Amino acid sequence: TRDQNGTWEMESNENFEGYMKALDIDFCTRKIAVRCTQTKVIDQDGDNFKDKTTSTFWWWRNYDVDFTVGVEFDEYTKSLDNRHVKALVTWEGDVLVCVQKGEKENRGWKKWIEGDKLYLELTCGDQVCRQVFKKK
């Protein structure tokens, strides 16, 4: 039967990776694509077809650190590089400052509040990453 109208949800997906490799799609895109749901909405009007396909992938991770200022603790950077560091958090004025002692030199972060904005500076080697958060 030729009636393909409706909304369709993919149930099985065989050798998507090999077909995508044949299209020369990069490894990173392929890793996500094989994990996507796929929804195909097909509208047929005589010889006219509209085919709307949605691919979606949702991922989430929590990274929890509990510490007391001045009490060195061991941190395992599970959300980044998977390293063990000895972290020490101190105050410098209203700035929370952390040295992460380990394999990487000059590794740490700084965290402070101005009104409804939280600023976070992450340091490793010669690289500084600056992040701004708003209050929710």
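Numbering starts at 1 and runs along the sequence shown.
Engineer: Considering only modelled residues of the same chain, in which third does the CA B-factor of residue 76 rank: lowest, middle or highest?
Structural biologist: Answer is highest: the recorded C-alpha B-factor places it there.
Engineer: Residue 7's Cα B-factor: lowest, middle or highest third of the chain?
Structural biologist: For residue 7, whose C-alpha B-factor we compare with every modelled residue in the chain, the answer is the lowest third.
Engineer: Going by what the PDB entry lists, where does residue 120 fall on CA B-factor within its chain: lowest, middle or highest third?
Structural biologist: Middle third of the chain for residue 120's C-alpha B-factor.
Engineer: Ranked by Cα temperature factor within the chain, is residue 90 in the lowest third, the middle third or the highest third?
Structural biologist: It belongs to the highest third of the chain when residues are ordered by C-alpha B-factor.
Engineer: Based on the entry's values, in what third of the chain does the Cα temperature factor of residue 97 lie: lowest, middle or highest?
Structural biologist: Lowest third, going by the recorded CA B-factors of the chain.
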